[PDB]
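Engineer: First the structure, then my questions, so here it is.
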Amino acid sequence: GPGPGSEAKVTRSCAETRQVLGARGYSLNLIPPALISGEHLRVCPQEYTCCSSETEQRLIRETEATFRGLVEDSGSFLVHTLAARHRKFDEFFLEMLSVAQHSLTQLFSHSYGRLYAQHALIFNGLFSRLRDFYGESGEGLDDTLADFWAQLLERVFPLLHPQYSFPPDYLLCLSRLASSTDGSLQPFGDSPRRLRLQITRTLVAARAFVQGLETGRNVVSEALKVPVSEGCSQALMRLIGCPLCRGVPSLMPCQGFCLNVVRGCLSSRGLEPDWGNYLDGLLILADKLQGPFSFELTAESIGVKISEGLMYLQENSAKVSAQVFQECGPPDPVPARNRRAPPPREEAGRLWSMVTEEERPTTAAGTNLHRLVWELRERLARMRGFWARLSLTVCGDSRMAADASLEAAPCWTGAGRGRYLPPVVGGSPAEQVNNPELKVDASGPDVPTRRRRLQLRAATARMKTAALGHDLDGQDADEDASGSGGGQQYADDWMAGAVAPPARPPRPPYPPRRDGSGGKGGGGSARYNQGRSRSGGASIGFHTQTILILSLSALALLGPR
């Protein structure tokens, strides 16, 4: 194949190797000027060499460091963007929570006057619980939304009818009436039904999205904590450092040889098949938050849904009075007057009024929401192939080292030169079992890969279910249904140690695993500890999150006390 021209030089000259590695800070006395009268090579073929064993080991470490730099920088970007998506999403929610709250204060102070002003804490208290629910700390928002209307009927009604006496029996009656006469649509119309349904189902869809982004952030952050195997460091030495130790720095690796080496180095790709399903859960959910579960629309609509209920309260005041002064007790005599009511009192200070509507935010607020869901949708989708791109990037960079040539021309194949022909395996560790250059047994994926793969699926199920507007009190079904899911299994370490008269610290006979371990003390889900297990106990380390708890058994040795 075609390639660049070369200068005639002494065959396998190690002086040239010294020029290349001396620039990297290698001690010059570790590299002879000509091939050493020994082989000294263990990872590279065992032949005469320019590398002392120290030089060979330095190259293994240097190539491993170069490898890690290309993976970690691309991972730091993904972690950074996941944090950026998270922060940007939360800031508009916090903003609209505050903007709606002020606009409601302006709306109700003028439209309802003292009826609102004396009770503003109740209306603003709701907003604090909208935020607490968003953070999963105030999940009892549904009861807060029910109590909101009970408090209003208890406290606004006596101000509408202040001629009547309201002992606590009537006040408590008014608070109960709201729950029984909302069924008849009298004290607030159907507004309580509108308010309670829209807010809760929108917030769980948004909360699921926040939880998903955090799940991804923590999945990727620990995926980079998967160590580089010693087999990878040796395969990387075969990739780059070996022809240099043979005194030929011009030979650089075939892309197909490289891809197999790098794919074997990346066991973290066990996260990949659930990474796609996890991002699909976010993407479907993101589309739902654009309109029917748009929180920014919901936030403003709170004002209208409450104002409608308070208008029904004033309109149906006579109808509510008919219930209050029969169910709570008889009417109070009052100094009612006939003929004509007095004219209303006016104020010397200019009074103002305003009206809110259930319209989506406009101009900058509307376009920021539109851009938010565009940035969330495109950036998440593009990073779906991240785990595959890790393998392609490292070997694309290695191709460009020899950009003046093609693999049609001879390239380095680990132990020699030519064109690489064996196949390149796919992704996940399952395909790395078939890897011809760096074989990896898929039976033992790394701990972050095992634990975080589970988290991706749990998030997937919740986000797709919440996309329907379903509460997050559902299940981890992959059918978006109420069927049960998750569970997993756990094992523990039983230990025994006499408390008295001997004071022996606890030690296992054996940890009873699913199979009972060597002591055969198990039954699948059952775990048994046998033998001289007096003064026994157990240590349980949960596998889904690092949590460790202890227990003890009342089997103290005691002796002939």
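Don't overthink the numbers, they just go from 1 along the chain as shown.
Cβ atoms here come from the backbone N, Cα and C positions, even for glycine.
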Engineer: Looking at the candidate ranges 326-350, 426-450, report the one that Swiss-Prot labels region 'Disordered'.
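Structural biologist: Comparing 326-350, 426-450 with Swiss-Prot, region 'Disordered' matches 426-450.
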Engineer: Measuring Cα to Cα, how many Å separate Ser137 (O-linked glycosylation site) from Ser484 (O-linked glycosylation site)?
Structural biologist: 24
Engineer: Three states by DSSP: which one describes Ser37 (O-linked glycosylation site)?
Structural biologist: coil
Engineer: Between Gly536 (GPI-anchor amidated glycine) and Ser74 (O-linked glycosylation site), how far is it from one CA atom to the other, in Å?
Structural biologist: 49
Engineer: Distance check, please: Cα of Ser37 (O-linked glycosylation site) against Cα of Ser484 (O-linked glycosylation site), rounded to an integer number of angstrom.
Structural biologist: 69
Engineer: Applying a 10 Å Cβ distance cut-off over all chains shown, what neighbour count does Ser482 (O-linked glycosylation site) have?
Structural biologist: 10
